[PDB]
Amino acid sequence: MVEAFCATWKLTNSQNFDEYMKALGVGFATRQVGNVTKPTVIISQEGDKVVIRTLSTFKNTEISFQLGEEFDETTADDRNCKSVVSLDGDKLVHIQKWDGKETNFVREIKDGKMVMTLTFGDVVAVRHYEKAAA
């Protein structure tokens, strides 16, 4: 459940991310710095809401949401999206819709690490995070 994700995570490895970035139409200037930064993602629960903070040398982002309740999200690549995060078994599914398009993130816990899968059509990226000290 959500508890399993409530920790501080540090990005260690990214697979197929540049490809995915470019499928999204992410501009070059955001892309090249998105390939080298290793963000710190801090997930917690305030009341009944999940809070996701992201510390990065490019941008610091923060979002709050209740599971299943749609909300406006301005992504780090400046996409104004209608987003929904829900529980899917033991995984979190984050859906983003914008400009008639859609992309999805799947957060899971495999072997102690947080594995996040990003899908835009047939283009898929996988991002790996290790638990770090709070």
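In case it trips you up, residue 1 is the first one in the sequence shown, and so on. We call the rigid core whatever largest set of C-alpha positions still superposes within 1.5 Å between the two forms.
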Top-deviation stretch by C-alpha RMS in 7 other deposited structures of this protein (rigid core reference), from 71 to 79, 29 to 37, is 29 to 37
Mean C-alpha B-factor higher for 71 to 79, or for 33 to 41? 33 to 41
Looking at the deposited entry, does 23 to 31 or 86 to 94 carry the larger mean Cα B-factor? 23 to 31
Identify, among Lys101, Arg107, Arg53, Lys49, the residue whose C-alpha carries the highest B-factor in the deposited PDB entry. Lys49
Which third of the chain holds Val126 when residues are ordered by C-alpha B factor: lowest, middle or highest? middle
With respect to C-alpha B-factor, does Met116 fall in the lowest, middle or highest third of the chain as deposited? highest
